[PDB]
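Beneath this line is the structure, given in structure tokens, with notes to follow.
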Amino acid sequence: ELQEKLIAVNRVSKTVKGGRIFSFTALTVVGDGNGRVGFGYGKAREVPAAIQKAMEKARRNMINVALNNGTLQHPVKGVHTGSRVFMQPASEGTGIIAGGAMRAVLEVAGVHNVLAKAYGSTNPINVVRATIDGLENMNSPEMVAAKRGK
RNA sequence: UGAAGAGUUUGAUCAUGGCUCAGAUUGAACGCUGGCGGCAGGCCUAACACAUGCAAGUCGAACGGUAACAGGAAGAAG
């Protein structure tokens, strides 16, 4: 099973020889609640095709997150194009205390106990890239022990 | 046990960046409405000016006393 959810959609335009034509972009995140998430960004002349193109973009480009138990291994930082996010693990029963694209990425990826904030520009494309980036760089004790000690 | 963001500059973009909004609070005030209780709070302004009453007495077991009250001892009377 893969959770789906749209983040945002807007109505980019382009000035043509005569008037000005229109498109739509949609940003979607896909995951399974077991530490895999991916985002997608499709453009189309109409919203539903933009959303679908986004969803197939998102079902490829799935990463692996090394979750702990529904929360994060350790506090993690992410940046992308002037968008800095901070996630840290929480206690059980603490929800997804997260913002916009933060909440959606953390949800579909299978996190339940996070404590997140986004600092720079909160443009969803960039905050979702920042969040995915932070999550994919997270270390669990297994690989850190593997890479250095026991 | 602990941390959410949104809107607005462009034909559109991404940054910057301000403005504005969603929260909590109060010795509050105002507007509309108003049943009961419990518990609390109530001049933030003019350390402005103040009528009236009250807010510091008590002790005769310190003292001369004995005004005043009530008693005693009488006296003189009915």
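For the structure tokens, the naming scheme is as follows: chains receive sequential letters (A, B, ...) according to their order of presentation, residues are indexed from 1 within each chain, and ligands are indexed from 1 in presentation order.
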
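Those residues of chain A that fall within 6 Å of chain B when using only C-alpha atoms (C1' of nucleotides) read residues 12, 13, 97, 98 and 99 of chain A.
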
Write a file of the just-selected residues containing C-alpha atoms, as a PDB file, in the first residue's frame.
```pdb
ATOM      1  CA  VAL A  12       1.937  28.993 -13.830  1.00  0.00           C
ATOM      2  CA  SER A  13       1.597  30.842 -17.122  1.00  0.00           C
ATOM      3  CA  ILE A  97       4.065  18.542  15.059  1.00  0.00           C
ATOM      4  CA  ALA A  98       5.042  19.815  11.640  1.00  0.00           C
ATOM      5  CA  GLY A  99       3.984  22.456   9.204  1.00  0.00           C
TER       6      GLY A  99
END
```

Tell me which protein, DNA and RNA residues are within 8 Å of residue 114 in chain A, counting only C-alpha atoms (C1' of nucleotides), leaving out same-chain ones fewer than 5 positions away, and put them as a count of residues only.
-> 12

Secondary structure check, alpha helix (DSSP H) residues of range 4-143 of chain A, as a ChimeraX atom specification = /A:47-59,101-108,124-136,141-143

Can you write out the residues you just picked, keeping N, CA, C and O atoms, as a short mmCIF file (atom, residue, chain, number, x, y, z; two decimals), in the first residue's frame?
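Generated file (part22.cif):
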```
data_model
loop_
_atom_site.label_atom_id
_atom_site.label_comp_id
_atom_site.auth_asym_id
_atom_site.auth_seq_id
_atom_site.Cartn_x
_atom_site.Cartn_y
_atom_site.Cartn_z
N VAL A 47 -5.52 20.46 -14.28
CA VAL A 47 -5.12 20.03 -12.94
C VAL A 47 -5.06 18.51 -12.79
O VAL A 47 -4.08 18.01 -12.24
N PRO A 48 -6.07 17.74 -13.20
CA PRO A 48 -5.99 16.29 -12.96
C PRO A 48 -4.81 15.63 -13.63
O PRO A 48 -4.18 14.76 -13.03
N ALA A 49 -4.46 16.03 -14.85
CA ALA A 49 -3.29 15.46 -15.48
C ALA A 49 -2.02 15.88 -14.77
O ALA A 49 -1.06 15.11 -14.68
N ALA A 50 -1.99 17.11 -14.26
CA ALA A 50 -0.84 17.54 -13.47
C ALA A 50 -0.69 16.68 -12.23
O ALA A 50 0.41 16.22 -11.91
N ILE A 51 -1.81 16.39 -11.56
CA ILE A 51 -1.76 15.59 -10.35
C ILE A 51 -1.30 14.17 -10.67
O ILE A 51 -0.48 13.60 -9.95
N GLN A 52 -1.83 13.58 -11.72
CA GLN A 52 -1.39 12.23 -12.04
C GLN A 52 0.08 12.22 -12.40
O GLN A 52 0.86 11.51 -11.75
N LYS A 53 0.51 13.07 -13.33
CA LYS A 53 1.92 13.11 -13.70
C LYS A 53 2.79 13.27 -12.46
O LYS A 53 3.82 12.61 -12.34
N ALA A 54 2.33 14.06 -11.50
CA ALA A 54 3.02 14.17 -10.22
C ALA A 54 3.07 12.84 -9.49
O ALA A 54 4.08 12.49 -8.89
N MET A 55 1.96 12.10 -9.50
CA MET A 55 1.90 10.86 -8.73
C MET A 55 2.83 9.81 -9.30
O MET A 55 3.51 9.12 -8.55
N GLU A 56 2.87 9.66 -10.62
CA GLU A 56 3.89 8.76 -11.18
C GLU A 56 5.30 9.27 -10.96
O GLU A 56 6.21 8.47 -10.69
N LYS A 57 5.54 10.58 -11.06
CA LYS A 57 6.86 11.08 -10.69
C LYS A 57 7.22 10.69 -9.27
O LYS A 57 8.36 10.34 -8.99
N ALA A 58 6.24 10.72 -8.37
CA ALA A 58 6.44 10.45 -6.96
C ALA A 58 6.57 8.98 -6.63
O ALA A 58 7.20 8.66 -5.62
N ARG A 59 5.97 8.08 -7.42
CA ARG A 59 6.08 6.64 -7.13
C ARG A 59 7.40 6.06 -7.60
O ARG A 59 7.84 5.05 -7.05
N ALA A 101 4.20 21.12 3.92
CA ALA A 101 4.78 19.96 3.27
C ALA A 101 5.52 19.07 4.25
O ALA A 101 5.67 17.87 4.03
N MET A 102 6.02 19.66 5.33
CA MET A 102 6.60 18.88 6.41
C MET A 102 5.62 17.83 6.92
O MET A 102 5.96 16.65 6.98
N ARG A 103 4.41 18.25 7.27
CA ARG A 103 3.44 17.31 7.80
C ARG A 103 3.16 16.19 6.81
O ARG A 103 3.16 15.02 7.18
N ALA A 104 2.95 16.54 5.54
CA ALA A 104 2.56 15.54 4.56
C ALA A 104 3.68 14.53 4.30
O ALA A 104 3.43 13.32 4.26
N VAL A 105 4.91 15.01 4.14
CA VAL A 105 6.03 14.10 3.94
C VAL A 105 6.21 13.21 5.15
O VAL A 105 6.39 12.00 5.01
N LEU A 106 6.16 13.78 6.35
CA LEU A 106 6.34 12.96 7.54
C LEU A 106 5.22 11.94 7.70
O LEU A 106 5.48 10.81 8.13
N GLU A 107 4.00 12.29 7.30
CA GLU A 107 2.88 11.37 7.41
C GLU A 107 3.02 10.20 6.46
O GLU A 107 3.10 9.05 6.90
N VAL A 108 3.05 10.46 5.15
CA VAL A 108 3.05 9.36 4.20
C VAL A 108 4.28 8.49 4.34
O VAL A 108 4.26 7.32 3.97
N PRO A 124 6.75 25.22 -0.85
CA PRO A 124 6.56 23.78 -0.66
C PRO A 124 7.51 22.91 -1.46
O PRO A 124 7.93 21.87 -0.96
N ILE A 125 7.86 23.29 -2.69
CA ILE A 125 8.76 22.45 -3.47
C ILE A 125 10.08 22.31 -2.76
O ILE A 125 10.65 21.21 -2.65
N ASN A 126 10.56 23.40 -2.20
CA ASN A 126 11.84 23.43 -1.52
C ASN A 126 11.76 22.85 -0.12
O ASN A 126 12.70 22.20 0.32
N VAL A 127 10.66 23.06 0.60
CA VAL A 127 10.61 22.45 1.92
C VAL A 127 10.47 20.95 1.80
O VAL A 127 10.96 20.21 2.65
N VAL A 128 9.81 20.46 0.76
CA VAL A 128 9.69 19.02 0.60
C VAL A 128 11.02 18.43 0.17
O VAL A 128 11.41 17.35 0.63
N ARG A 129 11.77 19.14 -0.68
CA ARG A 129 13.12 18.68 -0.99
C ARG A 129 14.01 18.68 0.24
O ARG A 129 14.77 17.74 0.46
N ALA A 130 13.91 19.72 1.07
CA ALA A 130 14.68 19.81 2.30
C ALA A 130 14.34 18.68 3.25
O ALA A 130 15.23 18.11 3.88
N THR A 131 13.05 18.36 3.37
CA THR A 131 12.62 17.31 4.29
C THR A 131 13.07 15.94 3.81
O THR A 131 13.59 15.15 4.60
N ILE A 132 12.86 15.64 2.54
CA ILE A 132 13.33 14.37 1.99
C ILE A 132 14.83 14.25 2.14
O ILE A 132 15.36 13.18 2.46
N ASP A 133 15.54 15.35 1.91
CA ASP A 133 16.99 15.37 2.03
C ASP A 133 17.42 15.09 3.46
O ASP A 133 18.33 14.29 3.69
N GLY A 134 16.79 15.74 4.42
CA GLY A 134 17.13 15.48 5.80
C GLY A 134 16.85 14.06 6.21
O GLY A 134 17.67 13.43 6.88
N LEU A 135 15.71 13.52 5.80
CA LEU A 135 15.36 12.15 6.16
C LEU A 135 16.32 11.15 5.55
O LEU A 135 16.70 10.18 6.21
N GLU A 136 16.74 11.36 4.30
CA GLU A 136 17.58 10.34 3.68
C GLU A 136 18.99 10.35 4.22
O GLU A 136 19.74 9.40 3.96
N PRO A 141 21.48 3.30 14.30
CA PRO A 141 22.65 2.76 15.00
C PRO A 141 23.33 1.64 14.24
O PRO A 141 24.54 1.45 14.39
N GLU A 142 22.59 0.91 13.40
CA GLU A 142 23.18 -0.21 12.70
C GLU A 142 24.28 0.24 11.76
O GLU A 142 25.40 -0.26 11.82
N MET A 143 23.99 1.20 10.88
CA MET A 143 25.02 1.56 9.92
C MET A 143 26.11 2.43 10.52
O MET A 143 27.24 2.37 10.04
#
```

In Å, rounded to a single decimal, give me how far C1' of residue 8 in chain B is from CA of residue 11 in chain A.
-> 17.0 Å

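The coordinates place CA of residue 26 in chain A at 18.7 Å from CA of residue 80 in chain A.
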
Among the residues of chain A, find those DSSP assigns to strand (DSSP E) from the backbone and print them as an MDAnalysis selection string.
-> chainID A and resid 3:10 13:15 20:22 24:32 36:44 63:64 76:79 84:89 96:97 114:118
